[PDB]
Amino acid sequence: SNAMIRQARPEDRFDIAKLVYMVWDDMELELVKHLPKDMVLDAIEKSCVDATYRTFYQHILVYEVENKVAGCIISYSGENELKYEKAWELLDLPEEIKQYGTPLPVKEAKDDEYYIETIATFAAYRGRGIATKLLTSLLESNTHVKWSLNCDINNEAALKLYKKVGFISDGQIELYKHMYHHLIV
């Protein structure tokens, strides 16, 4: 089969959930630290199709390799960020996860930005330029907007990648006890 960059579909949600889960685990989100993976995955999966959460499939482009989701990129308007986040409450979730509130309450972006929240690749597909390709193709989809993202200050390889496609520094932001470079293009 051909490799391809395309809009996510509902059936991609199970692979997307693993990717998002890995990112949230890195971030040490309390709910990930203290809740069963089974339950958190089910929740993220539902977040992709059942309501317009941050991770709605309509906000996601995937890189499909050999009929499998190799990676994904997640983006949406900064002005609707907190509205997307609140939609977590419309999911069909066990009470044990609902007690944690929504997973990402902090406003990561700014109202005049199209925020790229997540760029993620499965370990087995790393070293193939998948993140670069997803990013480049997403930026080309709308050259009438200001795109933004938040880069872990300890991740220089990402920062170089971002500066190479034309992002510039626009301050630093603290999110869940880690510091990030806020970048715009």
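When you see a residue number, it is the position in the sequence shown, counting from 1.
Novice: Return whichever of 70-78 and 99-107 has the greater mean Cα B factor according to the PDB record.
Specialist: The deposited B-factors put 99-107 ahead on the C-alpha mean.
Novice: Tell me which stretch has the larger mean Cα B-factor in this entry, 157-165 or 21-29.
Specialist: According to the entry, 21-29 carries the higher average C-alpha B-factor.
Novice: Would you mind checking which of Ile119, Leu149, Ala124, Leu139 has the top Cα temperature factor in the PDB entry?
Specialist: Comparing C-alpha B-factors across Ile119, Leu149, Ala124, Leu139, the maximum falls on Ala124.
Novice: Based on what the PDB entry reports, which of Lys46, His59, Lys133, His34 has the top C-alpha B-factor?
Specialist: That would be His34.
Novice: State the tercile, meaning the lowest, middle or highest third, of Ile173 with respect to the CA B-factors recorded for its chain.
Specialist: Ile173: CA B-factor falls in the highest third of its chain.
Novice: Could you say whether, by C-alpha temperature factor, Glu64 belongs to the lowest, middle or highest third of its chain?
Specialist: Middle third.
Novice: Hey, what third does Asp92 fall into on Cα B-factor, ranked over its chain?
Specialist: Middle third of the chain for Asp92's C-alpha B-factor.
Novice: With respect to C-alpha B-factor, does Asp38 fall in the lowest, middle or highest third of the chain as deposited?
Specialist: It falls in the top third of the chain.
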